[PDB]
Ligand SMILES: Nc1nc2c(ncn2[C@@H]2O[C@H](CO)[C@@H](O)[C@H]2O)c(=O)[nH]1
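Take a look at this one chain, the form solved without guanosine (GMP), written out in structure tokens.
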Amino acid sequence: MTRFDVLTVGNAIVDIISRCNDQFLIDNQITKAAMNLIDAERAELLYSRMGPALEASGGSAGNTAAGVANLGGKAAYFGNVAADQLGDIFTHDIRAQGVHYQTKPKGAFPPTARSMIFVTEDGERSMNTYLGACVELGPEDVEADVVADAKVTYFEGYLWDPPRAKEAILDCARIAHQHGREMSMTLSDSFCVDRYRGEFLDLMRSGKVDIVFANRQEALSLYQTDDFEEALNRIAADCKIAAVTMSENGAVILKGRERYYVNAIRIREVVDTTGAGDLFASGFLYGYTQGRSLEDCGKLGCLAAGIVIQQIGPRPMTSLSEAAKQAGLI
């Protein structure tokens, strides 16, 4: 009997969300559909140009933990905020969803990370992230008893950007595996992959990462190929289990020579794609820690992903567990 099903580790972020036209992206040299890192000066500049906005707790892994909790699984989260109002919001939202969150702020500066997310008419999201207090996450924030007591520890590729987070993750890897648990990562973003390609591959090939999440872009980038079939064969060879999403075309789960294809739910309208990948991981990891088939994990992933893209905000405001019961996924 174990304390947690899923522990996630990520950049703790509050989203600042606004709708824009595509000319806004071009005028501001914002790479569309991507995570764009920005300094404090650029953050002020972009905000000055941003329309009236809504705020909502974010962070890829934070969203994923929240999604596991919503579904009914037992979640935990590691991520550093500042001792400020944005930090208080982040802390409230994740804890109120029923996720264990005990990471202590280190001070007020740097302030709590934020991401200005611009949503275009097509529902695509373009993120502009000032990492703030995220740069302070290190080994000192690893709650060893939590990693030891979690079926899966899952982390973002995004953590390779701040300086010392990777050290926390290696510490996590070691504790998890010594306790016979498994480690999971998402590739996060195609440019993030570009930046850390060798390191990500090393994590997979050394056995420090057991299950890998990727979308089509991330997979294509990982192997710098335009051949998706090549990407699928290579990713299968590089990790024990790979879950590869393909947006409206659904997902394929890979294990050794096994492939399991899952359909995407049919959408009324794409509101905002923010959190689709995160919530796919929520459903997959919930199913996975409940002992479900790799196909059923895929199904749960697509269900959670499908729900999150039909609302504003990265964390489902409706009941995932209820949705899963209605869908016969239970």
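Start at 1 and count along the sequence shown; that's the residue number.
J.: Using the B-factors recorded in the PDB entry, average over the C-alpha atoms of 256 to 264 and of 207 to 215, then report which stretch comes out higher.
T.: Comparing averages over the C-alpha atoms only gives 256 to 264.
J.: 243 to 251 versus 155 to 163: which one carries the higher mean Cα B factor per the record?
T.: Looking at the record's C-alpha B-factors, the answer is 243 to 251.
J.: Based on what the PDB entry reports, which of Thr103, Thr186, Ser115, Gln178 has the top C-alpha B-factor?
T.: Each of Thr103, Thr186, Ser115, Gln178 was compared by C-alpha B-factor; the highest is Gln178.
J.: From the list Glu143, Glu182, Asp122, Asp93, select the residue with the highest C-alpha B factor recorded in the entry.
T.: In this record, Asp122 carries the highest C-alpha B-factor of the candidates.
J.: Hey, what third does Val308 fall into on Cα B-factor, ranked over its chain?
T.: Middle third of the chain for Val308's C-alpha B-factor.
J.: Quick check for you: using the entry's CA B-factors within this chain, is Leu7 in the lowest, middle or highest third?
T.: Within its chain, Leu7 is a lowest-third residue by C-alpha B-factor, going by the deposited values.
J.: Once the chain's modelled residues are ordered by C-alpha B factor and cut into thirds, is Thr64 in the lowest, middle or highest one?
T.: It belongs to the lowest third of the chain when residues are ordered by C-alpha B-factor.
J.: Where does the C-alpha B-factor of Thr273 rank in its chain, lowest, middle or highest third?
T.: Its C-alpha B-factor, which the entry lists for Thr273, ranks in the middle third among residues of this chain.
J.: Is the Cα B-factor recorded for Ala40 in the lowest, middle or highest third of its chain?
T.: Its C-alpha B-factor, which the entry lists for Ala40, ranks in the middle third among residues of this chain.
Keep in mind the form solved in complex with guanosine (GMP) is missing from the figure; the text below concerns it.
J.: Is the site here open or blocked once guanosine (GMP), taken in the entry with it bound, is overlaid via the site C-alphas (blocked: 3+ ligand atoms within 2.4 Å of backbone or C-beta atoms)?
T.: Open pocket: the modelled ligand, placed by site superposition, has no clash at the 2.4 Å cut-off.
J.: Note which of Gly98, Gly72, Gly250, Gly138 lies within 4.5 Å of guanosine (GMP) in the entry with it bound, where distance is taken over heavy atoms; exactly one does.
T.: Contact check passes for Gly250.
J.: If we define contact as a non-hydrogen atom of the residue within 4.5 angstroms of the partner, is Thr245 a contact of guanosine (GMP) in the entry with it bound?
T.: Residue-level check for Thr245: yes, a contact with guanosine (GMP).
J.: Within 4.5 Å, heavy atoms only: does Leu285 come near guanosine (GMP) in the entry with it bound?
T.: No - in the entry with it bound, heavy atoms of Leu285 and guanosine (GMP) never come within 4.5 Å of each other.
J.: Is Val270 near guanosine (GMP)? Define near as a heavy atom within 4.5 Å, in the entry with it bound.
T.: Looking in the entry with it bound, residue contacts with guanosine (GMP) include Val270, since a heavy atom lies within 4.5 Å.
J.: Please run the contact check for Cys297 against guanosine (GMP) in the entry with it bound: heavy atoms, 4.5 angstroms, yes or no?
T.: Result no; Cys297 lies far from guanosine (GMP) in the entry with it bound.
J.: Who in 26 to 53 is close to guanosine (GMP) in the entry with it bound, meaning a heavy atom within 4.5 Å?
T.: Stretch hits: zero.
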